[PDB]
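**Q** What follows is a single structure, and I will ask about it in a moment.
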RNA sequence: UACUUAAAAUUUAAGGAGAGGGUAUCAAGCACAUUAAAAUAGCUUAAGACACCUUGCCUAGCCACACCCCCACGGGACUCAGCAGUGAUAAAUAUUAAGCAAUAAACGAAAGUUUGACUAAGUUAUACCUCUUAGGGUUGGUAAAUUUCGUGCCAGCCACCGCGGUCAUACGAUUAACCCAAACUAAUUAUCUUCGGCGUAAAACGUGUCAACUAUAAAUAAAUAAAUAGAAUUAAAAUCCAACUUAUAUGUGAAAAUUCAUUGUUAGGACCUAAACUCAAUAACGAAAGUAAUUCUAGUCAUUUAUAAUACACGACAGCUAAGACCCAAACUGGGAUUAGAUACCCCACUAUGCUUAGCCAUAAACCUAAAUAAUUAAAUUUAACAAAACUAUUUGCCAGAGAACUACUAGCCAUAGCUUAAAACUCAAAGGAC
Ligand code: FES
Ligand SMILES: [K+]
Ligand SMILES: [K+]
Ligand SMILES: [K+]
Ligand SMILES: [K+]
Ligand SMILES: [Mg+2]
Ligand SMILES: [Mg+2]
Ligand SMILES: [Mg+2]
Ligand SMILES: [Mg+2]
Ligand SMILES: [Mg+2]
Ligand SMILES: [Mg+2]
Ligand SMILES: [Mg+2]
Ligand SMILES: [Mg+2]
Ligand SMILES: [Mg+2]
Ligand SMILES: [Mg+2]
Ligand SMILES: [Mg+2]
Ligand SMILES: [Mg+2]
Ligand SMILES: [Mg+2]
Ligand SMILES: [Mg+2]
Ligand SMILES: [Mg+2]
Ligand SMILES: [Mg+2]
Ligand SMILES: [Mg+2]
Ligand SMILES: [Mg+2]
Ligand SMILES: [Mg+2]
Ligand SMILES: [Mg+2]
């Protein structure tokens with residue numbers, strides 16, 4: 001049995017389910033929540049369930065959380081321009097909080113798809129090389145091309161050993 | 001241990017693998033110094049043929065000579081290998097029959 | 001059962017061994033403390049010499065902390 | 001060949017399973033009857049366990065409203081000198097007559113318990129019942 | 001390479017989101033900081049500084065080195081860590097070979113030239129592939145497979161368990177069989193790595209409080225019979241003194257020694273040493289250790305809760321230091337007996353010590369052999385067994401086969417034959433727990 005409560009939170013599949021990918025402006029996200037109360041239940045659940053997913057997709061954003069410092073829970077984002085975006089998450093479900101921050105400061109699906117394609121621009125299927133980078137190491141692997149001498153012996157006339165012998169004979 | 005304690009400690013600390021009589025080498029070459037008999041621990045009862053040797057490393061070790069009959073003498077050269085003699089305590093080396101001065105057991 | 005008896009028997013043989021060599025151990029200790037003091041003094045001399053001082057700070061005398069001061 | 005495992009399933013479930021396997025070729029005569037008129041609960045084995053901590057049973061103490069009146073009568077007059085007959089299904093004891101009159105007065109609208117207790121004693125005295133206010 | 005100014009490749013310097021070997025017996029480093037009138041006293045560090053040890057890693061490749069002195073003005077022990085080759089060393093063993101025809105590099109405007117880069121060969125069962133000869137090991141169990149004979153705890157065999165003292169499927173030869181096969185077997189090294197545990201088996205490590213984190217969520221407590229400290233007090237039994245007084249008293253299984261300066265009585269006197277019957281068949285108080293004769297004084301109490309050392313404060317008994325006390329008990333010591341011996345057990349005398357006043361030491365089977373805290377009693381939970389029904393969550397501490405080892409070394413300590421901290425070599429195939 002995996003230790004802790006809700007051990008599914010400690011699986012790569014769960015961490016990858018997060019959909020909030022912040023815009024490049026977002027630099028810090030402070031989370032102010034209360035450990036006791038009734039109107040802050042969604043905030044507590046957001047710290048428990050959602051903060052790991054947000055950090056996983058936004059490794060360079062500083063997430064710092066403060067407890068029981070104010071009467072109500074809120075989120076404050078610090079942007080690179082110097083703007084500060086305050087969000088009030090009282091009486092809001094954890095799912096509601098995620099959708100709100102996704103709308104205001106989350107990259108759209110179109111933008112993310114473009115980045116993925118651009119990342120793979122330099123991979124070409126025709127390129128030959130090691131398995132880590134390429135599909136085929138050598139043209140001998142291709143069908144119809146001359147096979148590797150190691151697997152299949154070459155004709156004698158295609159061998160330097162044989163060609164050298166004829167030149168001596170000449 | 002708790003997840004916080006497992007994090008602060010990391011993976012288990014692993015004692016290093018100390019070497020044996022051959023010092024992590026397949027074989028060693030040594031010069032015989034003496035040939036003597038060792039008595040196996042009870043319940044075993046025999047007169048096991050062993051020899052002391054000076055290995056190339058510079059240390060001196062006791063090596064069991066296997067087989068029925070050996071012609072080894074002082075100043076001979078032998079190739080020792082690993083493998084402990086279970087009944088003989090402290091004998092952690094064995095001589096290879098058929099290499100250098102030591103020869104294959106003489107089937108008679 | 002035999003584990004406390006062995007601690008007892010092992011502990012019994014140590015107390016006997018300490019008694020036989022009690023006087024030797026005393027001279028070992030007095031010499032280990034003297035080396036412990038010289039190591040302390042030298043370590044203090046290294047500090048001021050490295051800092052660039054040619055003599056120890058004025059009015060400073062390394063305290064003798066391992067001697068029979070108490 | 002059978003399933004003498006009386007801690008797994010029930011006599012019916014084990015008989016159903018044995019026939020599916022192919023070991024029991026003829027239905028028992030009680031089988032079809034159980035299928036058509038089963039018991040309310042399935043007779044499956046369960047190990048009685050004890051209760052621990054703050055677990056408690058759920059049994060209602062049976063206390064009717066007459067018991068408040070009956071308790072006072074036994075404390076003030078004890079049990080009626082006439083002996084209870086618990087074989088007569090319609091027996092009326094001296095205490096039960098006290099409670100029947102006490103109720104009648106309370107229907108009229110008297111709100112004081114003290115008034116209803118002394119008035120009922122007077123009414124039964126007129127009836128001729130011998131009520132002894134035995135403090136002993 | 002384009003423009004006479006812009007796209008690259010390639011580097012260099014200063015940096016920092018994060019990640020990055022081992023030892024904590026390396027626990028402190030000793031200038032490691034800020035300000036910018038030049039003052040302030042700061043900087044790193046158990047979230048691992050500093051010190052030491054080890055290792056090429058980041059793998060289309062990268063980094064460092066180029067005889068040695070980290071460097072290389074200088075100096076020295078004065079150059080193959082280019083290809084081939086040699087000496088020495090090592091278990092470890094490729095040609096002192098051919099060609100610049102291909103590709104790459106250098107040069108030239110160029111035809112071209114050069115290259116131990118490289119290409120084509122040579123060498124080697126180290127691997128793979130294609131074929132053709134068959135050899136190697138094994139045959140008690142794990143683990144596929146033995147016939148006869150010899151040997152007789154000898155000779156030998158085994159990875160572990162083991163085998164051999166006269167019917168050995170285990171050693172040697174032989175027979176057959178089994179496995180693999182141009183290999184086969186031996187040795188060496190490598191590939192597998194923490195979500196498990198802590199009453200009885202390794203492990204909650206004497207007690208409590210304060211931090212920072214990680215969790216948690218409630219606003220109470222106390223008012224308690226023997227907590228603790230001080231002062232005062234005294235009932236029973238002793239001790240001492242005195243009167244009277246037996247001739248003995250004392251002591252054991254039995255005796256001896258001891259004693260008559262004894263013994264018994266005292267509603268005689270003194271003492272105020274030491275310990276607190278019954279209550280107590282009670283289960284209170286305190287953090288633990290511990291605490292119960294009486295009275296009085298002081299006194300325990302609210303932090304949401306769990307979670308602490310390198311700090312602070314405590315910590316039975318024994319023991320040390322100094323001055324007192326001393327009824328009784330009692331290590332040691334002496335005497336008596338006992339026994340083959342008594343260095344003990346039993347008897348008598350007596351000392352350290354138990355007490356007080358000041359410190360010190362910091363040890364227990366310091367144990368309820370149960371960390372604390374909040375839950376739940378059903379999850380078809382005897383989830384081993386025995387203890388004390390089980391089990392979830394949270395936080396910290398701790399454990400990783402046994403012995404070596406309540407040890408060696410290290411550091412700290414009023415401790416000096418001491419305590420706390422705590423290994424390795426080496427040995428074994430078990431040790432251990434409950435029934
Ligand atoms: S790997 Fe392609 S020719 Fe050999
Ligand atoms: K034997
Ligand atoms: K160098
Ligand atoms: K060329
Ligand atoms: K054979
Ligand atoms: Mg050490
Ligand atoms: Mg050289
Ligand atoms: Mg150099
Ligand atoms: Mg060379
Ligand atoms: Mg050179
Ligand atoms: Mg080789
Ligand atoms: Mg050119
Ligand atoms: Mg035989
Ligand atoms: Mg065998
Ligand atoms: Mg055989
Ligand atoms: Mg234990
Ligand atoms: Mg202890
Ligand atoms: Mg007193
Ligand atoms: Mg008071
Ligand atoms: Mg005394
Ligand atoms: Mg106990
Ligand atoms: Mg001890
Ligand atoms: Mg010690
Ligand atoms: Mg020590
Ligand atoms: Mg070890």
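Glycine gets a Cβ as well: all are built from the backbone with ideal geometry, and neighbour counts include every protein chain shown. Every number here is computed from the coordinates shown, using simple stated rules; none is lab data.
**Q** Please report the antiparallel percentage of the DSSP beta bridges confined to chain A, to the nearest 5.
**A** 65
**Q** Can you sort D:32, D:17 so the residue with the fewest Cβ neighbours within 10 Å comes first?
**A** D:32, D:17
**Q** If I take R0 = 51 Å and measure r between the Cβ atoms of residue D:30 and residue A:38 in this structure, what FRET efficiency does the formula 1/(1 + (r/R0)^6) give, to the nearest 0.05?
**A** Values: r = 59 Å, r/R0 = 1.15.
That pair, residue D:30 with residue A:38, gives E of 0.30.
**Q** For chain B, what relative contact order do you get, as a whole percent, if you take Cα pairs closer than 8 Å and at least 6 residues apart?
**A** Relative contact order for chain B comes out at 24 percent.
**Q** Would you mind pulling out the separation of the Cα centroids of segment A:136-170 and segment C:7-30, in Å?
**A** Each part reduced to its Cα centre gives a spacing of 83 Å.
**Q** If I model segment A:1-69 as equal point scatterers sitting on the Cα atoms and use the Debye formula, what is log10 I(q)/I(0) at q = 0.14, 0.20, 0.27, 0.28 Å⁻¹?
**A** Log10 of I(q)/I(0), two decimals: -0.49, -0.93, -1.21, -1.23.
**Q** At q = 0.19, 0.20, 0.26 Å⁻¹, what is the log10 ratio I(q)/I(0) for segment B:51-93, with the Debye formula run over Cα points and no solvent?
**A** So the normalised log intensities work out to -0.60, -0.66, -1.08.
**Q** Relative contact order of segment D:51-136, please, whole-number percent, based on alpha carbon pairs below 8 angstrom and at least 6 residues apart.
**A** 31
**Q** While we're here: Enter the angle in degrees (range 0 to 90, nearest 10) between the Cα long axis of helix A:94-105 and the first principal axis of the Cα atoms of chain A, meaning the one along which they spread out most.
**A** 70
**Q** Compute the acute angle (0 to 90°) between the alpha-carbon long axis of helix C:22-51 and the principal axis of greatest extent of the alpha-carbon atoms of chain C; round to the nearest 10°.
**A** Taking Cα atoms only, the helix is inclined about 30 degrees.
**Q** Ranked by Cβ crowding within 10 angstrom, fewest neighbours first, how are B:56, A:72 ordered? Write out the running numbers ahead of the final one.
**A** Working: B:56 11, A:72 15.
Exposure proxy ranking, most exposed first: B:56, A:72.
**Q** On C-alpha positions alone, give me the angle between the axis of helix C:2-20 and the longest principal axis of chain C, in degrees, nearest 10.
**A** So the inclination is approximately 60 degrees.
**Q** Per Stokes-Einstein, at 10 °C and 1.306 mPa s, what whole-number D in µm² s⁻¹ belongs to chain B, with the Kirkwood radius over Cα pairs as the hydrodynamic radius? Could you put the intermediate results ahead of the total?
**A** Values: Rh = 15.9 Å.
So the translational diffusion coefficient is about 100 µm²/s.
**Q** Sort A:2, D:19 so that the residue with the fewest other Cβ atoms within 10 Å of its own Cβ comes first and the one with the most comes last.
**A** Details: A:2 10, D:19 15.
If I rank by nearby Cβ atoms, fewest first, I get A:2, D:19.
**Q** Note the full-extension length gain between residue A:165 and residue A:151 as 0.36 nm times their separation in residues minus their Cα-Cα distance, in nm to one decimal.
**A** The span from residue A:165 to residue A:151 would gain 2.6 nm if fully extended.
**Q** Give the span of segment A:73-150's Cα atoms along each principal axis, as three whole-Å numbers ordered largest to smallest.
**A** 72, 29, 20
**Q** If you build the Cα gyration tensor of chain D and take the root of 5 times each eigenvalue, what three semi-axes come out, in whole angstrom, biggest first?
**A** 61, 19, 14
**Q** State the percent of C-alpha pairs, over all pairs in the protein assembly as shown, separated by a distance greater than 41 angstrom.
**A** Roughly 78 percent, rounded to a whole number.
**Q** Follow-up. Using only the alpha carbons, work out the radius of gyration and Dmax of segment D:80-136 in angstrom.
**A** 12.5, 36
**Q** Determine the relative contact order of chain A: mean sequence separation of Cα pairs under 8 Å and six or more apart, normalised by residue count, in whole percent.
**A** Once divided by the residue count of chain A, the mean separation gives 20 percent.
**Q** Then there is this: Counting residues in chain A as N, plug N into 2.2 N^0.38 Å and put the Cα Rg over that result.
**A** Dividing the Cα Rg of chain A by 2.2 N^0.38 Å gives 1.88.
**Q** Still on this structure: Given just the C-alpha atoms of chain C, how large is their convex hull per residue in cubic angstrom?
**A** In chain C, the Cα hull volume divided by residue count equals 137 Å³.
**Q** Quick one: of the DSSP bridges fully inside the protein assembly as shown, what percent are antiparallel, nearest 5?
**A** Of the beta bridges lying entirely in the protein assembly as shown, close to 80 percent run antiparallel.
**Q** Follow-up question, since we're still on this one. Sort out for me the Cα centre separation of segment D:10-30 from segment B:68-108, rounded to whole Å.
**A** Each part reduced to its Cα centre gives a spacing of 73 Å.
**Q** Report the Cα centroid-to-centroid distance between segment C:34-56 and segment B:1-40 in angstrom, as an integer.
**A** For segment C:34-56 versus segment B:1-40, the Cα centre distance is 42 Å.
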